[PDB]
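Asker: Here is the sequence, then the experimental structure:
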Amino acid sequence: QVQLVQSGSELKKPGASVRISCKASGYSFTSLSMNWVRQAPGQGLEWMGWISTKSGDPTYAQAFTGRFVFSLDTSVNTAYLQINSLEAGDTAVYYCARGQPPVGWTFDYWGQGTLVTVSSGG
Amino acid sequence: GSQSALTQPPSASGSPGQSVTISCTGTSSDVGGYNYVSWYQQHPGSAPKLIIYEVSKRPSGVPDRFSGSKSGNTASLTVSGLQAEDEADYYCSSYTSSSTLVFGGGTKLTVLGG
Amino acid sequence: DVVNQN
């Protein structure tokens, strides 16, 4: 079946980087886009942007421009999200979500989520 | 949630077996402009699950108790025959003419006496 | 008019 399996939880301090993976199986990886969605604990879903698995080119939502990087390793069917210069407010579950054909704006299959926790000391 | 691009009521309620409808208000540049409105169901600790796409289509395996429609700039999800397991958060989304996706703020659906 | 993401 189609499955998106993400890497495990992360616990980081402000200023650090983290790279999260999303490994796709059960369909041709480069045939469909990948979207990224963030959800802070207790809060709603936020669209971060998408990456084309044909070109590798990422398009970021306005709120996610600068510190966030979408990338791929197509040889292992994997999409990655890196967050640089982590801040306390980056604590969230990050989901990869497949762009359903034809255009990718319906998210038909979701990864299980990766919790990134940034500890501030208080 | 109340400041989201698409507006959903923060909460909704029904009783077992009842039908309930929840709305998702956008603009003519998104819900009212295109037929790429989706609804996602999310249980605690789980990823969102697609339940309605392209306004009214249902993925295989999703019960026909879930249905979607829109009128003007407002999309609506209806859950008929409410079951205890339908208690969850529901999010709408839409494509926009800016080549973005917007989300609603989510509705917590409670099943009274579930 | 809808952008094809991929």
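Answerer: All right, it came through fine. Numbering: from 1, shown residues only, chains lettered A, B, ... in the order given.

Asker: State whether residue A:63 is indeed within a helix.
Answerer: Yes - counting by DSSP: H, G, I helix; E, B strand; the rest coil, residue A:63 is located in a helix.

Asker: surely it meets residue A:38?
Answerer: No - using Cβ atoms under 8 Å, residue A:63 makes no contact with residue A:38, being 9.0 Å away. (Each C-beta comes from the backbone N, C-alpha and C, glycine too.)

Asker: Neighbour count for these two, which is higher?
Answerer: Set residue A:63 next to residue A:38 and count neighbours by other Cβ atoms under 10 Å in any protein chain shown: residue A:38 wins out with 24 against 12.

Asker: Who is that one paired with across the strands?
Answerer: According to DSSP bridges, the residues that bridge with residue A:38 are residue A:46, residue A:94.

Asker: Residue A:89 is in contact with that one, correct?
Answerer: No - at 10.3 Å, residue A:38 does not count as touching residue A:89 under the criterion of Cβ under 8 Å.

Asker: any shared contact partners between residue A:63 and residue A:38?
Answerer: Common neighbours of residue A:63 and residue A:38 (criterion: Cβ atoms under 8 Å, 6 or more residues apart in numbering or on different chains): A:46, A:48.

Asker: For residue A:16, see how far away residue A:118 is.
Answerer: Distance of residue A:118 to residue A:16, computed by Cβ to Cβ, to the nearest Å: 8 Å.

Asker: Pull up the overlap in contacts between the two.
Answerer: residue A:86.

Asker: the more surrounded of the two?
Answerer: residue A:118 (20 against 13).

Asker: Would you mind naming the residues that bridge with the more buried one?
Answerer: Beta-bridge partners recorded for residue A:118 (DSSP bridges): residue A:12.

Asker: Can you give me every residue that contacts it?
Answerer: Residue A:118 is in contact with A:12, A:13, A:14, A:86, A:87, A:88, A:89, A:90, A:91, counting by Cβ under 8 Å, 6+ apart.

Asker: Please repeat the previous calculation with a cut-off of 10 Å.
Answerer: By Cβ atoms under 10 Å, 6 or more residues apart in numbering or on different chains, the contact list for residue A:118 reads A:10-16, A:18, A:83, A:86-92.

Asker: where does chain B come near chain C, residue by residue?
Answerer: Residues of chain B lying close to chain C by Cβ under 10 Å from any Cβ of the partner chain are B:33, B:34, B:35, B:36, B:95, B:96, B:97, B:98, B:99, B:100, B:101.

Asker: does residue A:115 sit in a helix or strand, and which one?
Answerer: Residue A:115 is part of strand A:114-118 when elements are defined by DSSP states H and E.

Asker: Also residue A:109?
Answerer: strand A:107-110.

Asker: Where does residue A:24 fall, secondary structure wise?
Answerer: Per DSSP H and E, the secondary structure element for residue A:24 is strand A:18-25.

Asker: And chain C, is that strand touching that?
Answerer: No - contact of strand A:18-25 with chain C is not found when judged by Cβ under 10 Å from any Cβ; the minimum separation is 13.1 Å.

Asker: cool, and stretch A:67-78?
Answerer: No - judged by Cβ under 10 Å from any Cβ, stretch A:67-78 stays clear of chain C, getting no closer than 12.0 Å.

Asker: Over to that stretch now: how far is its first residue from its last?
Answerer: The straight-line separation of the ends of stretch A:67-78 (Cα to Cα, to the nearest Å) is 20 Å.

Asker: Could you do stretch A:99-113 as well?
Answerer: The first and last residues of stretch A:99-113 sit 16 Å apart, counting by Cα to Cα.

Asker: Could you pull out the buried residues of it?
Answerer: A:99-100, A:103-113 (16 or more other Cβ atoms under 10 Å in any protein chain shown).

Asker: can I get these in JSON lines with distance to chain C?
Answerer: Output for these, formatted as JSON lines (distance: Cβ to the nearest Cβ, whole Å):
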{"residue": "A:99", "distance to chain C": "5"}
{"residue": "A:100", "distance to chain C": "10"}
{"residue": "A:103", "distance to chain C": "5"}
{"residue": "A:104", "distance to chain C": "3"}
{"residue": "A:105", "distance to chain C": "7"}
{"residue": "A:106", "distance to chain C": "11"}
{"residue": "A:107", "distance to chain C": "11"}
{"residue": "A:108", "distance to chain C": "13"}
{"residue": "A:109", "distance to chain C": "15"}
{"residue": "A:110", "distance to chain C": "16"}
{"residue": "A:111", "distance to chain C": "17"}
{"residue": "A:112", "distance to chain C": "22"}
{"residue": "A:113", "distance to chain C": "21"}
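
Asker: Many thanks, we can stop here.
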